[PDB]
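Two forms of a single protein chain come next, each set out by itself as structure tokens; they are called structure 1 and structure 2.
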Structure 1
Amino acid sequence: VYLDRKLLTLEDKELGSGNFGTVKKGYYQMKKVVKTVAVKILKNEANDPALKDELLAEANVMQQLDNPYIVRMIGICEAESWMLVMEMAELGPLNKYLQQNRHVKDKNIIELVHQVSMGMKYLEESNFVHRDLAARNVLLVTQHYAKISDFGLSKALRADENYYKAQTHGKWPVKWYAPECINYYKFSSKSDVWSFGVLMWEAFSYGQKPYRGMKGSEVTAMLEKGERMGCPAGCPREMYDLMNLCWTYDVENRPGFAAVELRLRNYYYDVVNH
């Protein structure tokens, strides 16, 4: 899990930046081949142990996961700052991709969202909750290969519980959260199915932001009235029906990822045949 700073070559070009610090492209020397990587680098502006613990917890989740539809961690490095080294997904975030490639076919979008459902079926089987499942957190290897990333808010579920109960509300992606998350601070794999519904909406809307113009509180009020976002232009009815089913208010009656992946799998094969 511990990498050698000597074997890592970082580019001066920064891929992105957040409050945690920066993300840079690089290459890591393996036993023989060189591997292209994406490196999350902590900001060493002010000494903060909270960011360090968050990065180490994220590394601990990623280490436990092994699936073709989840970003693989190479390891961690302690040098100029704390670094999390990941296998590079060259084409980047799904929302930004679709915003820049507006002629991507509905068949290709179905293919990518089904790949995300296969990854989520595996996380559910593994008893991990993602807690930040959104189009911005789906990364593209190619135009036909999506992976789930950003395990920053993820939790390994306790052996005696089907959900994680958050102690205090923090800076949350509220527009992607289910009513039991907002009302009871409870996060399950079914809560992640709700987020997946929002992710599907974003993908069929070519990366448009969900609940445009609205505040978090207005969304909660809208959902409580039984209202849901409309069908995006050109989105197949079967895909909009699936979004609405992910948006089941009551967590007990909402489907799990096994049911959602199967529904997406059969629709995809039907589209392939046409």
Structure 2
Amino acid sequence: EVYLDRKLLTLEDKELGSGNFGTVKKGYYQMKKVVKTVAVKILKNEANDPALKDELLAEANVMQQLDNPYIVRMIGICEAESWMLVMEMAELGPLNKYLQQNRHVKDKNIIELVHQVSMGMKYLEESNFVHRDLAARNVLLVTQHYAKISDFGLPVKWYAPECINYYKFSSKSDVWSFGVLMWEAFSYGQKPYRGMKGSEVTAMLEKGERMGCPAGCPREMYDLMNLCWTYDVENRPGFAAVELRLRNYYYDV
């Protein structure tokens, strides 16, 4: 039953995150003999907009009809003192913030994590789902060796050129964002195109220029980022090609 019993759920007073339309808190959902740690998105509806409740429910339906090990999964919905979306807890939080704080993580560890992300993306691609906001801030870590894609806003610097010029989003558009995500990861959560305005990024890319190889980044991986950054979408690989290339590389090394 996706509808959860409120008596079985206990929340912490502190918020992990917040926004205009919701708050995320840590909680515990009571199960048979064990207790499960969960993240709960509590809806904030200060203008009493029935469309807001429908969005929370639409988002829960997607989480459910989109289920894979490399995506944040839905536990259920809880119609309590507020509408709540209960999901798995990704303890370590966002990838970019994690890497900024843990400079000891090795290049091998970062290949394993982005390969998992390429696995969740290969999955959304097969379901004909376009994320549109893939970035390191939307990869949440369960452990240092286990990443899950999330979609908080279900960002010009993560956009493929054909998104800016023609607003054409596709899985190949998501492949370009994945390339920026890999650059963020091997850079340890550094901001891409730092200090540049979104217009300067566009002009830089149309000159055939791309971000350099981050320090310590294996060359093979930088080569994959550059392929993710192929200007002409026709020639840009999809996620099946990207994931397979990552898989082989991670299984060899």
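Throughout, residue numbering runs from 1 along the sequence of structure 1. Between two forms, the rigid core is the largest collection of C-alphas that superpose within 1.5 Å.
A.B. asks: After superposing on the rigid core, which residue among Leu245, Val219, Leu42, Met229 shows a C-alpha displacement of 2 Å or more between the two structures?
C.D. replies: Result of the superposition: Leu42 is the only one at 2 Å or more.
A.B. asks: Examine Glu80 after superposing the rigid core and state whether its CA is displaced by 2 Å or more between the two structures.
C.D. replies: Yes: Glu80 shifts by at least 2 Å between the two structures.
A.B. asks: After the core is matched up, is the C-alpha of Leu55 off by 2 Å or more between the two structures?
C.D. replies: Yes, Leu55 moves 2 Å or more.
A.B. asks: Cα of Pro255 displaced 2 Å or more between the two structures, core superposed?
C.D. replies: No, shifts by less than 2 Å.
A.B. asks: Quick one: how many Å does the C-alpha of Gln64 shift between the two structures once the rigid core is superposed?
C.D. replies: Comparing the two forms, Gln64 shifts 1.0 Å at C-alpha.
A.B. asks: For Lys32, what C-alpha shift in Å is seen between the two structures once the core is overlaid?
C.D. replies: Once the two forms are fitted on their core, the shift reads 5.6 Å.
A.B. asks: So if we fit the rigid core, how much does the CA of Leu10 shift between the two structures, in Å?
C.D. replies: The alpha-carbon displacement, core-superposed, is 2.0 Å.
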